[PDB]
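The data below hold one chain only, encoded as structure tokens and taken in the form deposited in one PDB entry.
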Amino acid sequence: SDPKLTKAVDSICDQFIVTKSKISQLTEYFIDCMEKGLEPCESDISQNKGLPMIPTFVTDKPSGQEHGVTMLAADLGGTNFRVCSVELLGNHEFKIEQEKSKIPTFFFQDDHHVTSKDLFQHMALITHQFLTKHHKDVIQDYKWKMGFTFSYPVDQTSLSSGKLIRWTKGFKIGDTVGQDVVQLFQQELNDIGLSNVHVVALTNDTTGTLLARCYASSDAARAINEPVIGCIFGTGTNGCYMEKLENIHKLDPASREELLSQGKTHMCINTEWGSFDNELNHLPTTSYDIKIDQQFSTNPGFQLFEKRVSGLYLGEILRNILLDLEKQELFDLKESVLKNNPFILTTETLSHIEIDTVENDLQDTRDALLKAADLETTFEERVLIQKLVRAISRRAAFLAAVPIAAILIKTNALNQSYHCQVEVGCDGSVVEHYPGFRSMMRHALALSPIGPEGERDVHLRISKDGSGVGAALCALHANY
């Protein structure tokens, strides 16, 4: 009912298209950025704008026969904090008791001065509540070993040590930057009486995801599909991979030779690939992606691949596309609350729009927009909101495949034996629950330099085991 608005939207959609040549370019550039990040660093790690390529100091892939007494685990992400108790039984089996809690809104507000003590004190309190609900008989007696999954870039110096490099995903607490997060958590655990709980391991949620699958993958399943990558596609995006110790040059030459002699071959690398091409040398960029990077983000100039892929930022891309279409007098925001409310449109809102149908007059879309920002719409308007949402998602999925394809190429994981395939472990609300995301990722892996022959050898498997099992495995190994 408005040919101008119709053709204005069709033009915004075409900006988000990713071509096969762009996939190939970014795949080859990503590999080049991997090689740069694996070399010794030139300056402060918090200033590096390139692929961080952080060594995690995890050199042994679980077998599945590891066993021990109930370990503790703690996982701080970008939205929720969870604590669980995992009993590794061996033979690719385990028992888990877990409690999940949303990160209080107080920590995502600048009205008040938030500090590391405020956060880790709350984490230590949730830890106490979990030990009282599931192990009330021995809360203050056992010498619990805990693994801490920290879903944020860390300058890891050992399995138990590492300072935060920068906050990401809506978290801004300047106090923590540069602090061994294990100590911070331990200090608050000691102040509430849980000094008998020792945090023995620090892992990224990518590293943890890979370890968990290497353990639970049945001997039969693992023989065919070997887990090679631990991936995340939720509030943020990131992934890890095993790199040959000889190529990790940033590691001290003595440390490499000291590790190599011990019978080790590889070490996990937390790519932090949300910070891939932070200079925007090749990443697709629109006027709306710069608005998010510069005005509405907590970390301007960093995690730019993330700002085009992860679920924290996709819904915001739509808000800027719509506000820009009202500034042009093409779209009527009516009495909406979009203006001056960043991130009011979430990715969960867009999930109810990706697969809504016209035969229902796009009713789910209508209700989802009213619930999120009191925005009324007509059918013709919802038809075009869907065309935009579907374009924002496809670009996110197609870009989400570049780091996976690049890693597989560099490590030659696809040049295996007859009938052999690989497994990429993916956890996150986007890959898991967003309609069509995983399907579109594979379309890109087929368009990537590995071709459709490669996509069929890659098994994008959801890892609903959790990064706690991975950290639990890192705790069973380390000493109290």
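Numbering starts at 1 and runs along the sequence shown. So that the term is clear: the rigid core is the largest set of C-alpha atoms that superpose within 1.5 Å between two forms. Only residues modelled in both forms are compared.
The same protein also has a form deposited in another entry, omitted here; what follows describes it.
- Put simply, after the core is superposed between this form and the one not shown, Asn48 is the one residue in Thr411, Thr70, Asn48, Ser429 with a Cα shift of at least 2 angstroms.
- The pair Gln183 and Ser46 is at least 3 angstroms farther apart at the CA level in that other deposited form than in the present model.
- Figure legend: C-alpha atoms of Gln47 and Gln25, shown here, are separated by at least 3 angstroms less in that other deposited form.
- The protein segment that moves between this form and the one not shown, counted as a run of at least three consecutive residues with every Cα displaced by 2 Å or more relative to the fitted core, is 42 to 50 alone.
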